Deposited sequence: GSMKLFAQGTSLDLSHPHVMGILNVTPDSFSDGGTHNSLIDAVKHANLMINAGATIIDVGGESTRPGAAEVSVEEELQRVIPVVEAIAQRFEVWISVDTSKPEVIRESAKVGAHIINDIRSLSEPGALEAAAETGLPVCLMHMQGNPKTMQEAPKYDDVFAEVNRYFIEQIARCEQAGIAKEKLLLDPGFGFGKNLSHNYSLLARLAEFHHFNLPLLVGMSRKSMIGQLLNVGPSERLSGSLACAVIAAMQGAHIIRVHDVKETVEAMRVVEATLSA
């Protein structure tokens, strides 16, 4: 409520939930990527998440490959749209170059653990998402305390930080649901909360359904998180999620 992020001279208003559309650029191709961004923006996404290294035992990519895949897409979106852009990268060089071409958020699932990443993040002055990876609530909470301190000591202001409990990523079904159930408790940090549950195995394993059959469970997870005041919901299916968020917003507004 009046919580805000600032980047690239603009601001993101976190008094309501935002839907972050996933834009996978691990598979002309530039134009495809931009058209996909266009669909997600038209569906109501207010942040577009660009990732160029796959996270499925998928192949690692070099610095050079990630630069070649990610940077042109970030740049083309900054030139076409007034939308926030997040980049999924662990690599110092990608962090620095993303900021130069107009990215708003560094979204590192490794929370800046690669050598030089922390320094690169601090130098950009960008918002940074910290994700917990592989009492679960106490473990994740402790992890947040440690990463905030780690970032503060590197010169990164607390107001630049976003927190993500890391659904999936070395977590069993019980552990995923405990985190979901207690998500609101993470507000004690007074930081933005970002969650990614879309199509995850915490739904697949619960319902015994494959990746393409997880829409309803995804929507349920998003609504549960948003009703607990999560700020950013990272999803594959933007339109459906945005419609769900409008129902949440009408409820919370009342």
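Subject >> Unmodelled ranges, which are counted on the deposited sequence from position 1 and given in order >> reply: Counting from residue 1, the stretches without coordinates are 28-36, 66, 145-157.
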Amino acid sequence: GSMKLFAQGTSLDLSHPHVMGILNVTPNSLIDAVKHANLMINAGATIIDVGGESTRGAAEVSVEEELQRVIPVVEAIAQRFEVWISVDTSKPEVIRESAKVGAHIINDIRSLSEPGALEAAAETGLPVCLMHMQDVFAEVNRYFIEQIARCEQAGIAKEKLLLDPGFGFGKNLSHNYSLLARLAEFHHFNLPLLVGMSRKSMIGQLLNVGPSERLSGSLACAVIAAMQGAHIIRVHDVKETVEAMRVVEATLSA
From here on, numbers count along this sequence of modelled residues.
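In this text, rigid core is short for the largest set of C-alphas that superpose within 1.5 Å between two forms.
Subject >> RMS CA shift, core-fitted in 5 other deposited structures of this protein, bigger for 195-203 or for 28-36 >> reply: Of 195-203 and 28-36, the stretch deviating more in 5 other deposited structures of this protein is 28-36.
Original post:
Comparing C-alpha positions in 5 other deposited structures of this protein against this form, with the rigid core used for the fit, which stretch differs more, 79-87 or 168-176?
Top reply: When 79-87 and 168-176 are compared in 5 other deposited structures of this protein, the bigger C-alpha shift is seen for 168-176.
**OP:** State which stretch shows the higher mean Cα B factor in the entry: 137-145 or 169-177.
**Re:** Going by the record's values, the stretch with the higher mean is 169-177.
Original post:
Of 206-214 and 193-201, which one has the bigger average CA B-factor?
Top reply: The entry gives the higher C-alpha B-factor average to 206-214.
Original post:
Which of these has the highest Cα B-factor in the record: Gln228, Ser62, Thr46, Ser54?
Top reply: Reading the PDB entry, the winner on C-alpha B-factor is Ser54.
Subject >> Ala76 - which third its CA temperature factor falls in, relative to the rest of the chain >> reply: Middle third.
Original post:
Considering only modelled residues of the same chain, in which third does the CA B-factor of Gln8 rank: lowest, middle or highest?
Top reply: Middle third - that is where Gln8 ends up once the chain's C-alpha B-factors are sorted.
Original post:
With respect to C-alpha B-factor, does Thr89 fall in the lowest, middle or highest third of the chain as deposited?
Top reply: CA B-factor rank for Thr89: lowest third.
Original post:
Sorting the chain's CA B-factors, does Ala254 end up in the lowest, middle or highest third?
Top reply: For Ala254, the deposited C-alpha B-factor lands in the highest third.
Original post:
Looking at the C-alpha B-factor of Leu39, is it in the lowest, middle or highest third of its chain?
Top reply: Ranked within chain, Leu39 CA B lands in the middle tercile.
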